[PDB]
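J.: Dropping in entry30.txt, with compact mmCIF, C-alpha atoms.
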# COMPACT_ATOMS: atom_id res chain seq x y z
CA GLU A 173 126.58 145.79 96.64
CA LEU A 174 129.14 143.02 96.30
CA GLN A 175 129.43 142.75 100.08
CA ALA A 176 125.67 142.40 100.41
CA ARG A 177 125.66 139.82 97.60
CA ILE A 178 128.31 137.77 99.40
CA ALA A 179 126.29 138.09 102.60
CA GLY A 180 123.26 136.69 100.80
CA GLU A 181 125.45 133.88 99.50
CA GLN A 182 126.47 133.07 103.08
CA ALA A 183 122.80 133.06 104.04
CA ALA A 184 122.15 130.52 101.29
CA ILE A 185 124.92 128.25 102.57
CA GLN A 186 123.44 128.61 106.07
CA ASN A 187 120.11 127.47 104.66
CA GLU A 188 121.76 124.43 103.10
CA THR A 189 123.34 123.61 106.46
CA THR A 190 119.93 123.70 108.13
CA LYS A 191 118.51 121.53 105.34
CA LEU A 192 121.25 118.95 105.85
CA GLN A 193 120.53 118.85 109.58
CA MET A 194 116.86 118.29 108.78
CA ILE A 195 117.76 115.48 106.33
CA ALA A 196 119.87 113.78 109.02
CA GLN A 197 117.00 113.95 111.50
CA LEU A 198 114.65 112.49 108.90
CA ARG A 199 117.13 109.67 108.23
CA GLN A 200 117.19 108.81 111.92
CA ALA A 201 113.39 108.93 112.10
CA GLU A 202 113.11 106.61 109.09
CA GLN A 203 115.43 104.07 110.69
CA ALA A 204 113.38 104.22 113.89
CA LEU A 205 110.18 103.69 111.91
CA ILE A 206 111.64 100.66 110.13
CA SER A 207 112.58 99.20 113.51
CA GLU A 208 109.05 99.87 114.76
CA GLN A 209 107.59 98.02 111.78
CA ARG A 210 109.92 95.09 112.42
CA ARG A 211 108.78 94.90 116.01
CA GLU A 212 105.13 95.14 114.99
CA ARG A 213 105.61 92.14 112.71
CA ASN A 214 107.42 90.26 115.47
CA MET A 215 104.62 91.03 117.96
CA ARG A 216 102.01 89.89 115.42
CA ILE A 217 103.71 86.53 114.93
CA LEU A 218 104.22 85.87 118.65
CA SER A 219 100.99 87.42 119.94
CA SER A 220 99.30 85.48 122.72
CA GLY A 221 95.91 86.38 121.27
CA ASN A 222 96.44 83.91 118.45
CA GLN A 223 94.18 80.87 118.70
CA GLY A 224 95.16 78.63 115.81
CA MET A 225 97.22 75.46 115.56
CA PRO A 226 97.65 72.60 113.09
CA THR A 227 94.87 70.03 112.93
CA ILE A 228 95.34 66.26 112.95
CA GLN A 229 93.38 64.69 110.11
CA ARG B 59 127.20 168.72 109.27
CA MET B 60 128.35 165.83 107.07
CA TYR B 61 131.53 165.37 109.09
CA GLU B 62 129.41 165.17 112.24
CA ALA B 63 127.23 162.62 110.45
CA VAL B 64 130.26 160.46 109.65
CA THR B 65 132.31 160.73 112.86
CA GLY B 66 131.49 160.34 116.54
CA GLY B 67 129.97 157.64 118.71
CA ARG B 68 126.31 156.69 118.38
CA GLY B 69 125.86 154.31 121.31
CA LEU B 70 124.84 151.29 119.25
CA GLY B 71 126.75 148.55 120.88
CA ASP B 72 125.91 148.41 124.51
CA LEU B 73 122.54 147.77 122.86
CA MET B 74 120.73 144.70 124.19
CA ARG B 75 123.92 143.55 125.90
CA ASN B 76 122.68 142.92 129.46
CA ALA B 77 120.59 139.94 128.38
CA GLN B 78 122.69 137.14 129.87
CA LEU B 79 121.92 134.47 127.31
CA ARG B 80 125.08 132.55 128.22
CA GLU B 81 123.26 131.41 131.37
CA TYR B 82 121.12 129.03 129.30
CA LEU B 83 124.12 126.77 128.60
CA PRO B 84 126.39 125.08 131.15
CA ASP B 85 129.22 127.19 132.53
CA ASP B 86 131.67 124.28 132.76
CA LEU B 87 131.23 120.72 131.57
CA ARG B 88 133.12 118.91 134.34
CA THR B 89 130.14 119.16 136.68
CA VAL B 90 127.31 119.00 134.15
CA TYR B 91 126.53 115.41 135.12
CA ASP B 92 126.68 116.12 138.86
CA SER B 93 123.96 118.76 138.60
CA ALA B 94 121.08 116.60 139.84
CA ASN B 95 122.53 116.10 143.33
CA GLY B 96 123.21 119.81 143.68
CA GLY B 97 125.90 122.07 142.37
CA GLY B 98 127.08 121.66 138.83
CA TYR B 99 124.36 123.41 136.84
CA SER B 100 121.28 124.67 138.72
CA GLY B 101 118.98 125.60 135.82
CA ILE B 102 119.06 121.92 134.75
CA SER B 103 119.24 120.68 138.42
CA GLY B 104 115.56 121.43 139.12
CA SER B 105 114.59 120.21 135.65
CA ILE B 106 116.52 116.95 136.13
CA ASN B 107 114.77 116.22 139.39
CA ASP B 108 111.38 116.85 137.78
CA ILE B 109 112.22 114.64 134.78
CA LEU B 110 113.51 111.77 136.91
CA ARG B 111 110.35 111.99 139.01
CA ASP B 112 108.17 111.86 135.90
CA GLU B 113 110.03 108.98 134.23
CA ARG B 114 109.22 106.44 136.96
CA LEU B 115 106.63 103.92 135.84
CA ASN B 116 103.46 103.22 137.82
CA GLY B 117 100.61 100.77 137.49
CA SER B 118 100.47 97.21 136.28
CA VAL B 119 103.23 95.81 134.10
CA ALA B 120 100.83 95.58 131.14
CA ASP B 121 100.11 99.31 131.41
CA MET B 122 103.87 99.87 131.52
CA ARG B 123 104.21 97.90 128.29
CA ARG B 124 101.49 99.84 126.50
CA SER B 125 102.93 103.16 127.66
CA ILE B 126 106.42 102.24 126.48
CA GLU B 127 105.25 101.07 123.05
CA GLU B 128 103.18 104.22 122.63
CA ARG B 129 106.18 106.36 123.56
CA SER B 130 108.39 104.59 121.03
CA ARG B 131 105.94 104.94 118.14
CA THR B 132 105.09 108.54 119.01
CA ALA B 133 108.77 109.45 119.28
CA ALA B 134 109.55 108.12 115.81
CA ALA B 135 106.53 109.89 114.32
CA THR B 136 107.37 113.15 116.12
CA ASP B 137 110.92 113.07 114.80
CA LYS B 138 109.65 112.63 111.25
CA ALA B 139 106.98 115.33 111.51
CA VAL B 140 109.36 117.88 113.02
CA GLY B 141 111.85 117.24 110.24
CA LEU B 142 109.23 117.65 107.52
CA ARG B 143 107.79 120.91 108.83
CA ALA B 144 111.26 122.32 109.45
CA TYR B 145 112.20 121.55 105.84
CA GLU B 146 109.15 123.44 104.61
CA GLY B 147 110.28 126.38 106.72
CA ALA B 148 113.78 126.13 105.27
CA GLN B 149 112.43 126.33 101.72
CA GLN B 150 110.44 129.44 102.63
CA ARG B 151 113.64 130.83 104.19
CA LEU B 152 115.40 130.32 100.82
CA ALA B 153 112.62 132.23 99.07
CA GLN B 154 113.07 135.08 101.55
CA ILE B 155 116.84 135.22 100.96
CA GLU B 156 116.26 135.35 97.21
CA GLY B 157 113.87 138.23 97.76
CA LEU B 158 116.47 140.14 99.76
CA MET B 159 118.98 139.68 96.91
CA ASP B 160 116.26 140.99 94.50
CA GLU B 161 116.12 144.16 96.68
CA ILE B 162 119.97 144.43 96.41
CA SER B 163 119.75 145.27 92.65
CA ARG B 164 117.37 148.26 93.15
CA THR B 165 119.47 149.93 95.93
CA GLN B 166 120.38 153.57 95.01
CA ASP B 167 121.94 155.57 97.86
CA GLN B 168 124.65 154.44 100.24
CA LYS B 169 122.40 154.48 103.29
CA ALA B 170 119.98 152.15 101.52
CA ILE B 171 122.62 149.53 100.74
CA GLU B 172 124.08 149.75 104.24
CA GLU B 173 120.63 149.13 105.72
CA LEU B 174 120.22 146.21 103.34
CA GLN B 175 123.56 144.78 104.43
CA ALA B 176 122.53 144.96 108.07
CA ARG B 177 119.17 143.37 107.20
CA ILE B 178 120.92 140.47 105.47
CA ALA B 179 123.21 140.14 108.48
CA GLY B 180 120.18 139.85 110.73
CA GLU B 181 118.78 137.25 108.36
CA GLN B 182 122.00 135.25 108.71
CA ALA B 183 121.67 135.55 112.48
CA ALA B 184 118.17 134.10 112.23
CA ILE B 185 119.43 131.13 110.21
CA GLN B 186 122.17 130.65 112.82
CA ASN B 187 119.47 130.54 115.48
CA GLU B 188 117.59 127.89 113.53
CA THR B 189 120.79 125.85 113.29
CA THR B 190 121.20 125.99 117.06
CA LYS B 191 117.55 125.02 117.50
CA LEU B 192 118.01 122.00 115.24
CA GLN B 193 121.04 120.90 117.25
CA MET B 194 118.97 121.20 120.42
CA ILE B 195 116.15 119.16 118.84
CA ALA B 196 118.63 116.41 117.90
CA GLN B 197 119.96 116.29 121.46
CA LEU B 198 116.41 116.08 122.79
CA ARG B 199 115.67 113.23 120.37
CA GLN B 200 118.66 111.30 121.67
CA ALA B 201 117.64 111.97 125.27
CA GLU B 202 114.11 110.74 124.57
CA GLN B 203 115.41 107.49 123.10
CA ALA B 204 117.63 107.01 126.14
CA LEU B 205 114.67 107.62 128.46
CA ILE B 206 112.54 105.07 126.61
CA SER B 207 115.35 102.53 127.00
CA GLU B 208 115.54 103.36 130.71
CA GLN B 209 111.81 102.75 131.10
CA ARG B 210 112.14 99.43 129.28
CA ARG B 211 114.89 98.36 131.64
CA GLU B 212 112.90 99.48 134.67
CA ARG B 213 110.02 97.26 133.55
CA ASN B 214 112.41 94.37 132.93
CA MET B 215 113.98 94.81 136.39
CA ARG B 216 110.50 94.92 137.98
CA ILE B 217 109.48 91.63 136.37
CA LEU B 218 112.72 89.82 137.26
CA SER B 219 113.35 91.41 140.66
CA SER B 220 114.61 89.02 143.32
CA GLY B 221 112.55 90.85 145.92
CA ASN B 222 109.38 89.29 144.55
CA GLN B 223 107.86 86.72 146.88
CA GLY B 224 104.85 85.32 145.04
CA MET B 225 104.23 82.09 143.19
CA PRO B 226 101.21 80.07 142.04
CA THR B 227 99.30 78.15 144.70
CA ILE B 228 98.21 74.53 144.44
CA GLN B 229 94.53 74.22 145.33
CA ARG C 59 122.20 166.26 97.84
CA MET C 60 125.09 164.04 98.94
CA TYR C 61 124.29 164.58 102.61
CA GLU C 62 120.71 163.53 101.92
CA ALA C 63 122.09 160.49 100.12
CA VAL C 64 124.16 159.51 103.16
CA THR C 65 121.78 160.30 106.04
CA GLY C 66 118.15 159.49 106.74
CA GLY C 67 116.07 156.34 106.98
CA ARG C 68 115.36 154.22 103.91
CA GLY C 69 112.87 151.69 105.26
CA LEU C 70 114.95 148.61 104.53
CA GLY C 71 114.49 146.60 107.63
CA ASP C 72 110.85 146.01 108.21
CA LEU C 73 111.42 144.36 104.83
CA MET C 74 110.09 140.79 104.63
CA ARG C 75 109.70 140.71 108.41
CA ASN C 76 106.09 139.53 108.77
CA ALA C 77 106.91 136.07 107.42
CA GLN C 78 106.65 134.08 110.65
CA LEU C 79 109.22 131.43 109.86
CA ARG C 80 109.69 130.65 113.56
CA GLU C 81 106.35 128.81 113.41
CA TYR C 82 107.99 125.95 111.50
CA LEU C 83 109.97 124.87 114.58
CA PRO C 84 108.59 123.93 118.00
CA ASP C 85 107.86 126.80 120.36
CA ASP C 86 108.91 124.88 123.49
CA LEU C 87 110.46 121.44 123.74
CA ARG C 88 108.77 120.26 126.94
CA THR C 89 105.59 119.37 125.06
CA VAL C 90 107.07 118.38 121.70
CA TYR C 91 106.49 114.70 122.44
CA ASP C 92 102.93 115.24 123.69
CA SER C 93 101.88 116.82 120.40
CA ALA C 94 100.14 113.75 118.94
CA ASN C 95 97.44 113.61 121.61
CA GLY C 96 96.72 117.31 121.22
CA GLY C 97 98.45 120.40 122.47
CA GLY C 98 102.20 120.58 122.38
CA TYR C 99 102.92 121.45 118.72
CA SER C 100 99.71 121.68 116.60
CA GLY C 101 101.49 121.86 113.20
CA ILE C 102 103.28 118.49 113.66
CA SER C 103 100.22 117.03 115.49
CA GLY C 104 98.26 116.64 112.21
CA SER C 105 101.39 115.16 110.62
CA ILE C 106 102.09 112.72 113.47
CA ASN C 107 98.61 111.28 113.31
CA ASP C 108 98.92 110.81 109.55
CA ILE C 109 102.35 109.16 109.89
CA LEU C 110 101.24 106.79 112.64
CA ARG C 111 98.24 105.84 110.53
CA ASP C 112 100.45 105.13 107.53
CA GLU C 113 103.08 103.13 109.45
CA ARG C 114 100.68 100.33 110.46
CA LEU C 115 101.31 97.14 108.52
CA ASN D 116 135.30 100.51 144.02
CA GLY D 117 133.26 98.77 146.68
CA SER D 118 130.95 95.81 146.54
CA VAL D 119 129.44 94.69 143.26
CA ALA D 120 125.97 95.75 144.45
CA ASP D 121 127.23 99.29 145.04
CA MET D 122 128.72 99.18 141.55
CA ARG D 123 125.31 98.22 140.16
CA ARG D 124 123.51 101.03 141.98
CA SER D 125 126.11 103.58 140.89
CA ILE D 126 125.89 102.49 137.25
CA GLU D 127 122.08 102.61 137.17
CA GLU D 128 122.10 106.03 138.81
CA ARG D 129 124.61 107.28 136.24
CA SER D 130 122.48 106.01 133.36
CA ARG D 131 119.26 107.60 134.59
CA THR D 132 120.97 110.86 135.52
CA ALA D 133 122.69 111.04 132.14
CA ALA D 134 119.43 110.70 130.24
CA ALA D 135 117.73 113.30 132.44
CA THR D 136 120.69 115.69 132.15
CA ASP D 137 120.64 115.43 128.36
CA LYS D 138 116.94 116.28 128.30
CA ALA D 139 117.22 119.18 130.76
CA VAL D 140 120.18 120.75 128.95
CA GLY D 141 118.30 120.56 125.67
CA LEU D 142 115.19 122.19 127.12
CA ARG D 143 116.98 125.10 128.78
CA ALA D 144 119.12 125.67 125.70
CA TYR D 145 115.98 125.87 123.56
CA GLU D 146 114.54 128.51 125.88
CA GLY D 147 117.76 130.47 125.44
CA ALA D 148 117.52 130.10 121.67
CA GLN D 149 113.95 131.50 121.61
CA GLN D 150 115.10 134.51 123.72
CA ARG D 151 118.08 134.83 121.29
CA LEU D 152 115.54 135.06 118.41
CA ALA D 153 113.71 137.87 120.25
CA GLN D 154 117.01 139.74 120.58
CA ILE D 155 117.74 139.43 116.85
CA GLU D 156 114.28 140.77 116.04
CA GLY D 157 114.97 143.71 118.33
CA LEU D 158 118.22 144.48 116.53
CA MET D 159 116.34 144.50 113.19
CA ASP D 160 113.78 146.88 114.81
CA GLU D 161 116.75 149.22 115.60
CA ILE D 162 117.78 149.09 111.89
CA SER D 163 114.46 150.78 110.86
CA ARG D 164 115.36 153.94 112.89
CA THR D 165 119.07 154.37 111.89
CA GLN D 166 119.79 157.91 110.54
CA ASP D 167 123.49 158.68 110.01
CA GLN D 168 126.08 156.46 108.39
CA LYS D 169 128.08 155.96 111.58
CA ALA D 170 124.94 154.68 113.31
CA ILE D 171 124.22 152.03 110.69
CA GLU D 172 127.87 150.95 110.58
Show this structure as structure tokens.
T.:
Amino acid sequence: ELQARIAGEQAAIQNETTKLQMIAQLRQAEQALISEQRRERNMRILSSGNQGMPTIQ
Amino acid sequence: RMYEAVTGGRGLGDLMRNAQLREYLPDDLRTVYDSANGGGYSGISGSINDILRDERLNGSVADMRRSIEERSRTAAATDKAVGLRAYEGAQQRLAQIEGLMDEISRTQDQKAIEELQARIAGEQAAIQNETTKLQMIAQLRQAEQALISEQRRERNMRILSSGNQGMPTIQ
Amino acid sequence: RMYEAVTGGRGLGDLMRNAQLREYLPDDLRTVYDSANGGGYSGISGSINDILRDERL
Amino acid sequence: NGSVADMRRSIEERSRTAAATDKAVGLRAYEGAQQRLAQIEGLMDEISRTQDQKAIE
């Protein structure tokens, strides 16, 4: 019974390892998404579809 | 009878041993990056040629731009979604492990606890497999980002190529 | 009695085996990045569309 | 070695081939992992039929 308990404990640590891998992937995805938002803002400022300009009055 | 039940060979081991699963990873890493031309690794060789064929951009440069931006956004979102669903699976995996330890308390005979030990060992093997799968997913993520960068640079080279011969006409 | 306690089958294994936890990871990785449009990986496909909707500034 | 143009072509070829090789290795490895899962499930199917103690050990 103690051997099977220790085996279950190893399985739990395995699960934590998988969870940490998943957290690292999510971290990378979040950084990519922040970069995408930055580039969306940049594109919106510099878009050639803009039609406005200051008016002389 | 009991001595015969304890001693002897039962043939387990040499059980599911001919499945050559080592053929799904490179044999040697010196030639892993020479595989496309031939030699090196042949399972990837064909795949590499197909991928390189499919990564070449076609159409107008504006279509190239839209395709590249869509790939970038979709790649980030796919990374996030895969991570989230995998984490849900990991939590369910923890619940399953806890259940197996609940079964450990009620074990009575020796055969029962030995079967439970082998079941928990198989469960560990499954979590090992998920770890390998996550490593493979991370490598694929990196490769996808590299491919998107390659497509960006192909578009850039196409715009600035010195082989272009056109210019506006005065009329 | 002791021989019966040592030999036989106890049914452990086929214990918590129907839980299809392999469905929480992609089946094949060729189509993992085509999942948003449909096909590929259906489980992440609903999530990708939601994420892309929520990442627009 | 060689002319600078040859250097450029070699470097671009290395970059593209490296990205493609990464992808292909990942894909084939994932196929192997899915087959590896099937094998583990088979071994747990064997556990259900074990009779003696030597067999389960």
J.: Expressed in Å to a single decimal, how great is the separation between CA of residue 167 (chain D) and CA of residue 64 (chain B)?
T.: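 The value is 7.0 Å.
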J.: Restrict the distance test to all atoms listed in the file, flag each residue of chain B within 8 Å of chain C, and return the flagged residues as a list in words.
T.: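 Here is what falls inside 8 Å: residues 60, 63, 131, 132, 133, 135, 136, 138, 139, 140, 143, 144, 146, 147, 150, 151, 154, 167, 168, 169, 170, 173, 174, 177 and 195 of chain B.
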J.: Quick one: residues within 10 Å of region 191-193 of chain B, all atoms listed in the file, excluding same-chain residues fewer than 3 positions away - as a PyMOL selection string?
T.: (chain A and resi 190-191+193-194+197) or (chain B and resi 140-141+144+185-188+196-199) or (chain C and resi 83-84) or (chain D and resi 141+144-149)
J.: For a test of reading the model, state the distance in Å between CA of residue 125 (chain B) and CA of residue 101 (chain B), rounded to one decimal.
T.: 28.8 Å
J.: Hey, can you check how far CA of residue 115 (chain B) sits from CA of residue 129 (chain D)?
T.: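 That distance, rounded to one decimal, is 18.3 Å.
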J.: Would you list which chain D residues are within 7 Å of chain B using only C-alpha atoms, as a ChimeraX atom specification?
T.: /D:131,133-141,143-145,147-148,152,155,159,162,167-171
J.: Which residue is closest to chain D? Choose from C:89, C:96, C:59, C:115 and count all atoms listed in the file.
T.: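 Smallest distance to chain D is found for C:89.
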J.: Dump as a Markdown table the rows for residues of chain A within 12 Å of chain C: closest atom pair and distance in Å with one decimal, all atoms listed in the file counted, ordered by chain and rising residue number.
T.:
| residue | atom | partner | partner_atom | distance |
| --- | --- | --- | --- | --- |
| A:190 | CA | C:83 | CA | 11.9 |
| A:194 | CA | C:83 | CA | 11.2 |
| A:201 | CA | C:109 | CA | 11.3 |
| A:202 | CA | C:113 | CA | 10.6 |
| A:204 | CA | C:113 | CA | 11.3 |
| A:205 | CA | C:113 | CA | 7.5 |
| A:206 | CA | C:113 | CA | 8.9 |
| A:207 | CA | C:113 | CA | 11.1 |
| A:208 | CA | C:113 | CA | 8.6 |
| A:209 | CA | C:115 | CA | 7.1 |
| A:210 | CA | C:115 | CA | 9.7 |
| A:211 | CA | C:115 | CA | 10.8 |
| A:212 | CA | C:115 | CA | 7.8 |
| A:213 | CA | C:115 | CA | 7.8 |
| A:214 | CA | C:115 | CA | 11.5 |
| A:215 | CA | C:115 | CA | 11.7 |
| A:216 | CA | C:115 | CA | 10.0 |
J.: Return the padded bounding box of region 180-196 of chain A as JSON: axis-aligned, built from all atoms listed in the file, 6 Å added on each side, with centre and edge lengths in Å to one decimal.
T.:
{"center_x": 121.7, "center_y": 125.2, "center_z": 104.5, "size_x": 21.6, "size_y": 34.9, "size_z": 22.1}
J.: Restricting the calculation to only C-alpha atoms, which member of D:172, D:142, D:123, D:156 is positioned closest to chain C?
T.: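 Going through D:172, D:142, D:123, D:156 one by one, the smallest distance to chain C is for D:142.
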